[PDB]
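here are the coordinates; sequence isn't available:
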Ligand SMILES: COc1cccc([C@H]2CCOC[C@H]2C(=O)O)c1
């Protein structure tokens, strides 16, 4: 199972790790994708997870969108985890670079509560434009299930741990 994590709270754990490499190693029941409403996995975590599936995630996602239409900002859907996990929970955090309401970040993290344990990135961080320190705070104050956070950047990981209240 999960190794080398720092325990932040009763249920939140954090590690400086590449979430693709972490998913390939652990093969968790659920890996969270930092999705957009269209499930267009172009960059950031989504681009990396999709590339690790050899584009199978994007093909499955395009069929999901063709059937169901776009997700809501703050929403999610469960799709296959392909070669990375049993399932992928595609969660849409607000993209500050698109002018989306940061208050939807709590709604986005509430999707994690439907799964007992997840491997996840910080929602709305990175190319989504939000402050990762704030994202971690909302995560610990919203998620009650066991969440193993993978933070790609070592420098950001150190800043998140050193500033954690
Ligand atoms: C391959 O995934 C990456 C690659 C680069 C950056 C990120 C984001 C994900 C959101 O939190 C902040 C960043 C981080 O983890 O350091 C993810």
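Perfect, I can see it now. Numbering: from 1, shown residues only.

going forward, measure contacts between C-alpha atoms and count neighbours the same way
Fine.

which SSE is residue 108 in?
Per DSSP states H and E, residue 108 falls inside helix 104-110.

Pull the residues that contact the helix or strand just after that helix.
Sequence order places strand 117-120 as the next helix or strand after helix 104-110, per DSSP H and E. Around strand 117-120, the neighbours that count as contacts under Cα atoms under 8 Å, 6 or more residues apart in numbering are 19, 23, 28-33, 112, 145-150.

Tell me the one of those nearest residue 5?
For the contacts of strand 117-120, the minimum distance to residue 5 (Cα to Cα) is 7.6 Å, reached by residue 148.

SS state for the closest one?
At residue 148 the chain is in strand, as set by DSSP: H, G, I helix; E, B strand; the rest coil.

so which of the contacts of strand 117-120 also contact the ligand?
residue 19 (Cα under 6 Å from any ligand atom).

are any of the contacts of strand 117-120 buried, and which?
For those, a burial check counting by 16 or more other Cα atoms under 10 Å picks out 19, 23, 28-33, 112, 145-150.

What residues does the protein have near the ligand?
18-19, 44-45, 48, 121-122, 125-126, 151-153.

again, only this time at 5 Å
Within the chain, the residues that sit near the ligand (Cα under 5 Å from any ligand atom) are 45, 122, 125-126, 151-153.

Make TSV from those and add distance to residue 2, neighbour count and secondary structure to it.
Converted to TSV, these look like this (distance: Cα to Cα, whole Å; neighbours: other Cα atoms under 10 Å; DSSP: H, G, I helix; E, B strand; the rest coil):
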residue	distance to residue 2	neighbour count	secondary structure
45	19	23	helix
122	17	27	coil
125	22	22	coil
126	23	17	helix
151	14	22	strand
152	16	18	coil
153	19	13	coil
